[PDB]
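Visitor: I'm passing along upload07.pdb; it holds PDB, C-alpha atoms and all ligand atoms.
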ATOM      1  CA  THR A   1      52.876 -33.317 -24.547  1.00  0.00           C
ATOM      2  CA  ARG A   2      51.115 -33.002 -21.169  1.00  0.00           C
ATOM      3  CA  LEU A   3      53.274 -32.488 -18.068  1.00  0.00           C
ATOM      4  CA  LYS A   4      51.714 -32.677 -14.605  1.00  0.00           C
ATOM      5  CA  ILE A   5      52.954 -29.821 -12.401  1.00  0.00           C
ATOM      6  CA  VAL A   6      52.754 -29.565  -8.609  1.00  0.00           C
ATOM      7  CA  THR A   7      53.318 -26.499  -6.437  1.00  0.00           C
ATOM      8  CA  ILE A   8      52.818 -25.379  -2.850  1.00  0.00           C
ATOM      9  CA  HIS A   9      50.615 -22.586  -1.512  1.00  0.00           C
ATOM     10  CA  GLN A  10      53.035 -19.643  -1.350  1.00  0.00           C
ATOM     11  CA  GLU A  11      51.303 -16.324  -1.979  1.00  0.00           C
ATOM     12  CA  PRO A  12      54.061 -14.026  -3.435  1.00  0.00           C
ATOM     13  CA  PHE A  13      54.979 -16.791  -5.926  1.00  0.00           C
ATOM     14  CA  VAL A  14      51.775 -18.817  -6.488  1.00  0.00           C
ATOM     15  CA  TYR A  15      48.632 -16.828  -5.713  1.00  0.00           C
ATOM     16  CA  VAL A  16      45.733 -19.197  -5.006  1.00  0.00           C
ATOM     17  CA  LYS A  17      42.198 -17.811  -5.246  1.00  0.00           C
ATOM     18  CA  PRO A  18      38.684 -19.274  -5.024  1.00  0.00           C
ATOM     19  CA  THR A  19      36.770 -19.152  -8.291  1.00  0.00           C
ATOM     20  CA  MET A  20      34.000 -16.724  -9.221  1.00  0.00           C
ATOM     21  CA  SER A  21      31.160 -19.045 -10.277  1.00  0.00           C
ATOM     22  CA  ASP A  22      32.468 -22.438 -11.472  1.00  0.00           C
ATOM     23  CA  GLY A  23      36.130 -22.954 -12.367  1.00  0.00           C
ATOM     24  CA  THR A  24      36.476 -19.428 -13.772  1.00  0.00           C
ATOM     25  CA  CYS A  25      38.847 -16.589 -12.944  1.00  0.00           C
ATOM     26  CA  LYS A  26      38.226 -12.846 -12.849  1.00  0.00           C
ATOM     27  CA  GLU A  27      40.553 -11.252 -15.405  1.00  0.00           C
ATOM     28  CA  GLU A  28      42.374  -8.679 -13.296  1.00  0.00           C
ATOM     29  CA  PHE A  29      44.742  -6.012 -14.596  1.00  0.00           C
ATOM     30  CA  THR A  30      48.065  -4.761 -13.294  1.00  0.00           C
ATOM     31  CA  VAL A  31      49.078  -1.128 -12.849  1.00  0.00           C
ATOM     32  CA  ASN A  32      50.474  -1.279 -16.403  1.00  0.00           C
ATOM     33  CA  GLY A  33      47.159  -2.522 -17.795  1.00  0.00           C
ATOM     34  CA  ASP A  34      48.423  -6.074 -18.281  1.00  0.00           C
ATOM     35  CA  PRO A  35      45.913  -8.916 -17.802  1.00  0.00           C
ATOM     36  CA  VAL A  36      47.535 -11.542 -15.595  1.00  0.00           C
ATOM     37  CA  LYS A  37      47.700 -14.879 -17.414  1.00  0.00           C
ATOM     38  CA  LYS A  38      46.021 -17.165 -14.883  1.00  0.00           C
ATOM     39  CA  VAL A  39      45.501 -20.930 -14.766  1.00  0.00           C
ATOM     40  CA  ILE A  40      42.809 -23.282 -13.460  1.00  0.00           C
ATOM     41  CA  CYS A  41      44.717 -25.288 -10.863  1.00  0.00           C
ATOM     42  CA  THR A  42      43.219 -28.161  -8.857  1.00  0.00           C
ATOM     43  CA  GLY A  43      43.649 -28.071  -5.097  1.00  0.00           C
ATOM     44  CA  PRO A  44      42.070 -29.155  -1.826  1.00  0.00           C
ATOM     45  CA  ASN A  45      40.499 -26.593   0.468  1.00  0.00           C
ATOM     46  CA  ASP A  46      42.232 -27.535   3.734  1.00  0.00           C
ATOM     47  CA  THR A  47      43.850 -30.555   5.365  1.00  0.00           C
ATOM     48  CA  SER A  48      42.098 -33.940   5.679  1.00  0.00           C
ATOM     49  CA  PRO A  49      40.666 -33.246   9.185  1.00  0.00           C
TER      50      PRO A  49
HETATM   51  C1  LIG B 101      36.752 -23.785   1.971  1.00  0.00           C
HETATM   52  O1  LIG B 101      36.947 -23.477   3.360  1.00  0.00           O
HETATM   53  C2  LIG B 101      36.593 -22.138   3.736  1.00  0.00           C
HETATM   54  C3  LIG B 101      36.818 -21.962   5.230  1.00  0.00           C
HETATM   55  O2  LIG B 101      35.875 -22.776   5.936  1.00  0.00           O
HETATM   56  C4  LIG B 101      35.134 -21.844   3.397  1.00  0.00           C
HETATM   57  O3  LIG B 101      34.863 -20.458   3.628  1.00  0.00           O
HETATM   58  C5  LIG B 101      34.837 -22.188   1.941  1.00  0.00           C
HETATM   59  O4  LIG B 101      33.433 -22.045   1.699  1.00  0.00           O
HETATM   60  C6  LIG B 101      35.273 -23.613   1.615  1.00  0.00           C
HETATM   61  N1  LIG B 101      35.028 -23.917   0.218  1.00  0.00           N
HETATM   62  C7  LIG B 101      33.917 -24.539  -0.177  1.00  0.00           C
HETATM   63  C8  LIG B 101      33.136 -23.860  -1.262  1.00  0.00           C
HETATM   64  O5  LIG B 101      33.556 -25.598   0.311  1.00  0.00           O
END
Give the structure from this file in structure tokens form.
Ligand SMILES: *[C@@H]1O[C@H](CO)[C@@H](O)[C@H](O)[C@H]1NC(C)=O
Guide:
Amino acid sequence: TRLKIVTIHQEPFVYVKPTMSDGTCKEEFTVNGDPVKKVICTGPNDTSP
């Protein structure tokens, strides 16, 4: 039922954005007026140092 998915930070394929207030995403529109179906991914900010 639940499948854990991993991906790498690559902008033209996986856009990664900081949240607005707390775990939420600003519903942006395309040039065709399509709201982009986003997802709440879990990632670190930078490397361990
Ligand atoms: C993540 O790192 C960037 C660069 O230092 C910083 O601007 C941002 O505030 C960090 N995220 C948080 C909320 O800790």
Visitor: Please tabulate, as a Markdown table, the residues of chain A that come within 9 Å of ligand LIG 101 (chain B), each with its closest pair of atoms and the distance in Å to one decimal, counting only C-alpha atoms and all ligand atoms and ordering rows by chain, then residue number upward.
Guide:
| residue | atom | partner | partner_atom | distance |
| --- | --- | --- | --- | --- |
| A:18 | CA | B:LIG101 | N1 | 7.9 |
| A:44 | CA | B:LIG101 | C1 | 8.5 |
| A:45 | CA | B:LIG101 | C1 | 4.9 |
| A:46 | CA | B:LIG101 | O1 | 6.7 |
Visitor: For residue 14 in chain A, which residue among A:26, A:48, A:34, A:41 is the nearest when counting only C-alpha atoms?
Guide: A:41
Visitor: Take the PyMOL selection byres (((chain A and resi 6) around 10) and not hetatm), apply it to the structure above, and return the hits as a short mmCIF file (atom, residue, chain, number, x, y, z; two decimals) with C-alpha atoms, keeping the file's coordinate frame.
Guide:
data_model
loop_
_atom_site.label_atom_id
_atom_site.label_comp_id
_atom_site.auth_asym_id
_atom_site.auth_seq_id
_atom_site.Cartn_x
_atom_site.Cartn_y
_atom_site.Cartn_z
CA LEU A 3 53.27 -32.49 -18.07
CA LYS A 4 51.71 -32.68 -14.60
CA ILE A 5 52.95 -29.82 -12.40
CA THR A 7 53.32 -26.50 -6.44
CA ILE A 8 52.82 -25.38 -2.85
CA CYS A 41 44.72 -25.29 -10.86
CA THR A 42 43.22 -28.16 -8.86
CA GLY A 43 43.65 -28.07 -5.10
#
Visitor: Using the file's own x, y and z axes, what box holds all listed atoms of range 24-40 of chain A with 8 Å on each side, keeping edges along x, y and z, and what are its centre and edge lengths in Å to one decimal, as AutoDock Vina command-line options?
Guide:
--center_x 43.5 --center_y -12.2 --center_z -15.6 --size_x 30.0 --size_y 38.2 --size_z 21.4
Visitor: Would you mind reading off the distance between CA of residue 37 in chain A and CA of residue 1 in chain A, one decimal, in Å?
Guide: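 Going from CA of residue 37 in chain A over to CA of residue 1 in chain A, I get 20.4 Å.
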Visitor: Identify, on the basis of only C-alpha atoms, every residue whose closest approach to residue 25 in chain A does not exceed 12 Å; exclude the query and any residue fewer than 2 positions from it along the same chain; express the result as a short mmCIF file (atom, residue, chain, number, x, y, z; two decimals) with C-alpha atoms, in the coordinates of the input.
Guide:
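This is the output file selection_35.cif:
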data_model
loop_
_atom_site.label_atom_id
_atom_site.label_comp_id
_atom_site.auth_asym_id
_atom_site.auth_seq_id
_atom_site.Cartn_x
_atom_site.Cartn_y
_atom_site.Cartn_z
CA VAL A 16 45.73 -19.20 -5.01
CA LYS A 17 42.20 -17.81 -5.25
CA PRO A 18 38.68 -19.27 -5.02
CA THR A 19 36.77 -19.15 -8.29
CA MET A 20 34.00 -16.72 -9.22
CA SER A 21 31.16 -19.05 -10.28
CA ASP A 22 32.47 -22.44 -11.47
CA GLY A 23 36.13 -22.95 -12.37
CA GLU A 27 40.55 -11.25 -15.40
CA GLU A 28 42.37 -8.68 -13.30
CA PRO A 35 45.91 -8.92 -17.80
CA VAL A 36 47.54 -11.54 -15.60
CA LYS A 37 47.70 -14.88 -17.41
CA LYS A 38 46.02 -17.16 -14.88
CA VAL A 39 45.50 -20.93 -14.77
CA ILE A 40 42.81 -23.28 -13.46
CA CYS A 41 44.72 -25.29 -10.86
#
